[PDB]
Amino acid sequence: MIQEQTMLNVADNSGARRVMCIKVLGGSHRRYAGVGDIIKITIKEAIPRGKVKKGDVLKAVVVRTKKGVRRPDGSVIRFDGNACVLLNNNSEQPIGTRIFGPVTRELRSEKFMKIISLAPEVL
Amino acid sequence: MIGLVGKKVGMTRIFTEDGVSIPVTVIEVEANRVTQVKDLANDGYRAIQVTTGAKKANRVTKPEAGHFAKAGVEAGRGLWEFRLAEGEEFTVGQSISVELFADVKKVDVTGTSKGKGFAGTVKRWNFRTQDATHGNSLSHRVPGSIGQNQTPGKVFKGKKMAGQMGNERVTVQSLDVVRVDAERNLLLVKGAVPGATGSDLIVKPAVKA
Amino acid sequence: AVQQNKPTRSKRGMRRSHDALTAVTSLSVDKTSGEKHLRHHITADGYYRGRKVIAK
Amino acid sequence: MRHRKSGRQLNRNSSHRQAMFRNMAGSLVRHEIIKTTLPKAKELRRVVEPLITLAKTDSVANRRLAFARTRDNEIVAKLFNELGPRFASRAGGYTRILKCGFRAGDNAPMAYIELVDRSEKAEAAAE
Amino acid sequence: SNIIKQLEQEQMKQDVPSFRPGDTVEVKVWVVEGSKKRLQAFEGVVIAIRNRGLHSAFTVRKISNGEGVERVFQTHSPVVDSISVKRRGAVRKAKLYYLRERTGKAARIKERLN
RNA sequence: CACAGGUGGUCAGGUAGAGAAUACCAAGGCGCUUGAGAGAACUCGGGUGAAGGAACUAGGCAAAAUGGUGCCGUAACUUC
RNA sequence: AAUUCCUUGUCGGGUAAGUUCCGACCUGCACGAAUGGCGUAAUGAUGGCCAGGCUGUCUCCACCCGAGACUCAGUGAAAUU
RNA sequence: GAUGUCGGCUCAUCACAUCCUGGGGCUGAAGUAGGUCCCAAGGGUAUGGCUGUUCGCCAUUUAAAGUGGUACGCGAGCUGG
RNA sequence: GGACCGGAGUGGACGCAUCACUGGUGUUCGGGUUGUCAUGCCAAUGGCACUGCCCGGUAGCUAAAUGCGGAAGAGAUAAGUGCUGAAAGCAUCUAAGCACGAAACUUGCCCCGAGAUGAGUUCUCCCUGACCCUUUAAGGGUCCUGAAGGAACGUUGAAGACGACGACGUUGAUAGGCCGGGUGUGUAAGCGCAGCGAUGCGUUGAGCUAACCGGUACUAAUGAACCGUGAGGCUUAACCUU
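Summarised in this report is the structure supplied together with it. (Residues numbered from 1 in each chain as written, not as in the entry; some residues may be left out. Chains lettered and ligands numbered in written order. Part of a larger assembly, values for the part shown. Heavy atoms only, no water.)

### Structural notes on the overall build of chain B
Next, step 1: Summing up its helical and strand segments, chain B has one helix and 13 strands in all.
Next, step 2: Secondary structure elements of chain B, listed N to C terminal, follow the sequence β-β-β-β-β-α-β-β-β-β-β-β-β-β.
Next, step 3: Relative to the compact-globule value of 17 Å for 209 residues, chain B shows a C-alpha radius of gyration of 23 Å, a clear excess of over 25%.
Next, step 4: Judged by the C-alpha coordinates and their principal axes, chain B covers about 70 × 55 × 40 Å.
Next, step 5: Counting across all 209 residues of chain B, residues that qualify as buried make up 33%.
Next, step 6: Considering only contacts within chain B whose residues lie at least 6 apart along the sequence, 70% involve residues at least 24 apart.
Next, step 7: Of the accessible surface of chain B, which amounts to about 13,300 Å², a share of 52% is contributed by carbon and sulfur atoms.
Next, step 8: Averaging the locations of the 31 positively and 21 negatively charged side chains of chain B gives two centres separated by 12 Å. (Helix = DSSP H or I, 4+ residues; strand = E, 2+ residues; numbered from the N terminus. Rg over C-alpha atoms; globule rule 2.2 N^0.38 Å. Buried < 20%, exposed > 50% of the residue type's maximum accessible area, 1.4 Å probe, protein only. Contact = heavy atoms within 4.5 Å. Areas by Shrake-Rupley, 256 points an atom, 1.4 Å probe, with all protein chains shown as cover. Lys, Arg positive; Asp, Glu negative; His and termini not counted. Charge placed at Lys NZ, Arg CZ, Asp CG, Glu CD.)

Next up, the structure:
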């Protein structure tokens, strides 16, 4: 989030446990990121029988954070941890077929919205 | 032509017409008077000399009091002056309270900031901190190196170092005007303004590039 | 660090130009006792602000 | 610095600040007149007067609360029964400070502090 | 309006519901469903009291499909519609933000009725 | 040096504890001969640092963290 | 390889990426069996590498407090020139 | 009759035989580029792996990841690998 | 696959301002809680063990927060583009002439700045002195007599290392206290009831309270005294018919 090289939990059915970020995308000489950013991410703790496999490299967006999301009105929406949605590296859009837990307004942006057709909480 | 004098009197956060929050600073602005207007021998053009506040005048000197007696026995607090051109401003009390900046969309508020004791030093200069472990000696916030070599054999002129604050004039420019109310001294501007509650300022039209 | 050449007596004299004793701009005088003092303080005769005070 | 954070540092932690002004307050209700340094007298008025203001309101809970200033069994019987009631007609200001300049030949600023309604006997010379 | 108090008192609500910490509440709130306004609801326990002037805000905590969730709500804002009390638990402290870590009296409670 | 140093042998209390450990505390002893202010950045030491979590640095060194008793439970490998 | 020249050698593993590390390789740098060879448990204020806990070491520098900094009275040196 | 380290940290500052940014010529300039080239010094300018490390090799991001001067820029400032 | 000037929205890098918001921190606020001592005891309250420990926290400070600024337009100009045009009866962007033209320059934006001794300019305020000796755009002595203002002191500050800077000192709300409000904390003590008791329940949405904020003369801000005064050197010009 404020730091780079960090573990994030999965929010979609493509894998399991944790995955690690390697960079934030958009802007330059950069280090700070949030739920509105795309990140580049690696497969660490997911099972190889899933949609993902060990040591593979994807894109993602963050969907929950322990710092929270504040800008919709000026007061915080908060969560119990840091979690992300897994996307194709070349063309974006989600690789998951099912999402679990709540979502954000930023999750309704054109490059990510295909997995939230089921209209989850806080969309 | 002129600015308008005021004071920072509070800061808050209020609702828009669509109900989301917007931050605002409350400014008291004081009603405009003109003490004389000056001849072309001063400034290079005409000039206009102005007052807004008043006080009990126990600590006001006769050099100042005879001038406020000339200006209609106003018992004035502060005295300011600007260039005059094209406009026909009056030589006496104009009583403009907010109306100079009621229709102007943004303002270039010149604040006076707040006193901070030491704030000519270190925190002023965003210097990278120094470690409490990894062997590091006698340092936590200090700059470390401050210059080049024996060849120039000097610290550079104007370089960052220690000093008192003692307060200073500052203009951030183009704050949005949210609300005004005449004869009740109200000017409301978006976001923060330089200085504390009780700090003096002058309001200007938007003049950025 | 240490000096590379010892200064003259003009240097010690010029560092000391800004120091003086008892710069009180005259004494106050107590109308109740005829004593002299420093301003807003008790006199040796105990008189202050129109009466005698601080005796034990 | 230290703007809009009113207080007095001078020496050790709040535990020492408490133990010193407890003792100086106890001495002031014992003697009703005290000689002490000016920055200590200027702080004592901020902690000894709220004790007298509590002493205007007699109860078991308030008289157990006064043990936070003085543990002495006679001063808790002078409070609420004389100290407090003897000021009930006044709008605070139960103490007054008298500034006596420096110690002779030295820096230390010296003052008297006393109770305002006491029996008078200090109407004589300072020397 | 007067530049002090009255300027901000004209933006306050005069009929705020009587909830406090340890209440389980339902909070109705506008979600802005694209180009038109729509109302939504949040349900959970109050973990912070609301008293700080025009800025008064409260905090409510719950779970959402296995994920832990919290929301801060602004009392006087038009986006917060209404609050209903579901249950009243005794939790003592003014703010319970340590309940993000401690389970003591988090899901088990004695009726407060205050 | 009226030096934040060194110096063989000896005896013991309440709450507490396994104890000559250890915190408060009794008896008894100490109040460390510049004195009084100030309330500065900074610097050394000390408490707290949202989110991340060694990305820092030669090196998680240092610091934080861990930290007990009883019972249950306990691997590679082994000279058993 | 506390031995290897050239060299950050060649291949496997961990990692997005490993001059290091750990495993494997060499028609063998100047390896070689009491200035002992190989190998195992327990031990080490032990050299190098790795996972977890947890952390202001850091991204990035924020607040609070003791002592010194600062003011004044007394006593008032030094290395150095 | 004193020369106490490079690479690094902090703090930087200057140059052009200009890294990027502004304008302009040429092209084997269709557009989009890429190559080339003139004028131009106001501002802006990465991150991570292995290494004591600049350099190197390697991965990633971006606008690009760039060259030279300054008791080898800087300990009476920081590391002492 | 694929356009520029111009217009609109927005991200990153960088700087600035603030403490309203969302967080942090908050040894001088409230509560919870462990060991132990004290107050004759119980109850309770106070001391000590890192601020003993834990959590919330007013005031203040502050980014991880929030708001704001990053160059328009005009002028001059380089490369260059261009018109008119010669030495060379012609041609050519150059020679004379002359249009257009960059992020550099000047102006425009921010801040300091008249000790800018080469001290700009306006406005307000104040003072009307003299004797004696001599050296006389002069100096000395002595006496009569003080203004504007400055200084000192107090109460002290969102001004501060010291100085400097701000408000108020009866032309009193300047500081402390008081009274009231408010933020914060979280239902106290005593009593009564319930229980064998830990402990609960009722009065009780209690009790306690700091730095914020309105009012308030209860407390604290004295007579002064001092420095500074006496209408301000010489000359030329203009104007006042002096």
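### Remarks on the overall build of chain A
Next, step 1: Looking only at helices and strands, one finds zero helices and six strands in chain A.
Next, step 2: Scanning chain A from its N terminus toward the C terminus, one meets helices and strands in the order β-β-β-β-β-β.
Next, step 3: By the compact-globule yardstick of 14 Å for 123 residues, chain A fits well, its C-alpha radius of gyration being 13 Å.
Next, step 4: In terms of its C-alpha atoms, chain A occupies a principal-axis envelope of roughly 40 × 35 × 25 Å.
Next, step 5: Counted over contacts in chain A with a minimum sequence separation of 6, partners at least 24 positions apart contribute 44%.

### Some remarks on unusual backbone geometry
All names here are of chain B.
Next, step 1: Not every positive phi belongs to a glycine, and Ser-113 is a case in point at roughly 55°.
Next, step 2: If you check the backbone angles, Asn-167 has positive phi at about 65° while not being a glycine.
Next, step 3: Turning to its location among the elements, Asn-167 is positioned in the loop between β9 (110–111) and β10 (170–171).
Next, step 4: Relative accessible area serves as the criterion here: at 30%, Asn-167 is assigned to the partly exposed category.

### Thoughts on the sheet that holds strand β12 (residues 186–190) of chain B
Residues and elements named next belong to chain B.
Next, step 1: What the eight strands build is an open sheet, ordered β8-β11-β12-β2-β1-β13-β9-β10; its pairing is antiparallel. Two strands lie at the open edges of the sheet, namely β8 (106–107) and β10, each paired on one side alone.
Next, step 2: Where strand β1 (residues 4–15) lies against strand β2 (residues 21–29), nine bridges are found, and the strand directions are antiparallel. Across the sheet, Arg-13 pairs through a bridge with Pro-23, a residue of β2. (Pairing = 2+ DSSP bridges.)

### Some details on the layout of surface pockets
Next, step 1: Reported here for the largest pocket is a volume of approximately 670 Å³.
Next, step 2: Forming the boundary of the largest pocket are 32 residues, of which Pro72(A), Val29(E), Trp30(E), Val31(E) and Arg71(E) lie nearest the centre.
Next, step 3: When its residues are assigned to classes, the lining of the largest pocket shows 18 nonpolar, five polar and nine charged.
Next, step 4: Within this model, the second largest pocket holds a volume of roughly 560 Å³. (1 Å grid on protein atoms, 1.4 Å probe; cavity = no way out; pocket = protein on both sides within 12 Å on 5 of 7 lines; lining within 4 Å. Points joined across faces, edges and corners; volume = space filled by probe spheres on them. Nonpolar A, V, L, I, M, F, W, Y, C, P; charged D, E, K, R; others polar.)

### Examining the pattern of salt bridges
Next, step 1: Inspection of every chain in the model, using the stated rule, returns 37 salt bridges over all chains.
Next, step 2: A salt bridge links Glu88(B) to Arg46(B), with the nearest nitrogen and oxygen atoms 2.8 Å apart. With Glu88(B) in the loop between β7 (80–84) and β8 and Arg46(B) in strand β4 (residues 46–51), this residue pair connects regions lying 42 residues apart in the sequence.
Next, step 3: One salt-bridge network, held together by shared partners, links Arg51(C), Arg96(D), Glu114(D), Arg118(D) and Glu120(D). (Salt bridge = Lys/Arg side-chain N within 4 Å of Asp/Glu carboxyl O.)

### Considering the interface of chain D and chain C
Next, step 1: In this complex, chain D contributes 15 residues to the contact, which on the side of chain C involves 16 residues.
Next, step 2: Interface area, chain D with chain C, both sides summed: about 1,400 Å², of which 64% is carbon and sulfur.
Next, step 3: The interface formed by chain D and chain C includes one salt bridge.
Next, step 4: With a closest N to O distance of 2.7 Å, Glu120(D) and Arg51(C) form a salt bridge.
Next, step 5: Taken together, the links from chain D to chain C amount to four residue pairs in polar contact.
Next, step 6: Here the side of chain D that touches chain C is built from residues that sort into eight nonpolar, one polar and six charged. (Buried area = accessible area lost by both parts, 1.4 Å probe. Polar contact = N/O pair within 3.5 Å; in protein donor to acceptor, adjacent residues only side chain to side chain.)

### So, the nonpolar core
Nonpolar side chains tend toward joint burial in soluble globular proteins.
Next, step 1: If you look at the biggest cluster of nonpolar residues, it comprises 33 residues, and the most contacted ones within it are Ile41(A) and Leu86(A).
Next, step 2: Among the nonpolar cores identified, the runner-up in size contains 25 residues, and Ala55(D), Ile97(D), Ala111(D) and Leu115(D) belong to it. (Core = buried A, V, L, I, M, F, W, Y, C linked by side-chain atoms within 4.5 Å.)

### Considering a positive patch on the surface
Next, step 1: A cluster of like positive charges, contributed by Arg70(A), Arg71(A), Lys106(B), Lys190(B) and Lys208(B), occupies part of the molecular surface.
Next, step 2: Position of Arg71(A) relative to the elements: it lies in the loop between β4 (57–64) and β5 (77–79). (Patch = residues over 30% accessible without salt bridge, like charges linked within 9 Å, V, L, I, M, F, W, Y side chains within 5 Å.)

### Brief notes about the state of the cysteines
Each disulfide consists of a covalent bond between the sulfur atoms of two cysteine residues.
Next, step 1: Within the structure shown, the criterion is met by zero disulfides over all chains.
Next, step 2: Counting only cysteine sulfurs, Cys84(A) is the nearest neighbor of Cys21(A), a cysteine outside any disulfide, at a range of 8.6 Å. (Disulfide = S-S within 2.5 Å.)

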